[PDB]
């Protein structure tokens, strides 16, 4: 949708905060939030596009100023409730229990070699999103194309700063999982993927750098031909 997370081109967000050196994880809870990504993925909470859609439904002021890994926690809860795997009222009661008893132990549990196996395989083997499709690519390098003006409320990768803009196809990458179906629970429905070059003057008008362009990735339905 048209949410606050679609920040490209937004002004007034402030100076970049860049401490001269920071750790990978700033607190123990960040390590836990990070590891929940492979865990909830394996358990069927969501795929990677659905993961993004969960973050996109946050309270915008909370999104803008909360720690990054807190966004991950919000998407786990979103999809935990959506799929009936997390009972919200039990989660709220346990939150209060851990507020009052922060050093109380975690539940007893057995370790599972299969989860270490999964972590190792996912990390070194990856989770590739490329797919083969029966249709040939509609477009090719050098084609001049126009980005769709559609404004779906579900998940998509259609930044507002590129909608309706004209650019040139730079490369075809093959077909990939399509966010507008995947992120909305509608399947992989893979589509060919292209990089399209938009000049800064096309994007920003006169305020655009005369010697800069933005290269943006477009799935095939996002673009229609202007000139071969």
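Residue numbers count along the first chain shown, from 1.
- As the entry records it, the average C-alpha temperature factor is higher for 91-99, out of 69-77 and 91-99.
- Across the two stretches, 148-156 and 81-89, the PDB entry reports the greater mean Cα temperature factor for 81-89.
- Remark: residue 6 belongs to the lowest third of its chain, ranked by C-alpha B-factor as recorded.
- Ranked by C-alpha B-factor against the other modelled residues of its chain, residue 181 falls in the lowest third.
- In the deposited entry, the Cα temperature factor of residue 195 places it in the lowest third of its chain's modelled residues.
- For residue 218, the recorded CA temperature factor ranks within the lowest third of the chain's modelled residues.
- Per the deposited record, the Cα B-factor of residue 63 falls in the lowest third when ranked against the other modelled residues of its chain.
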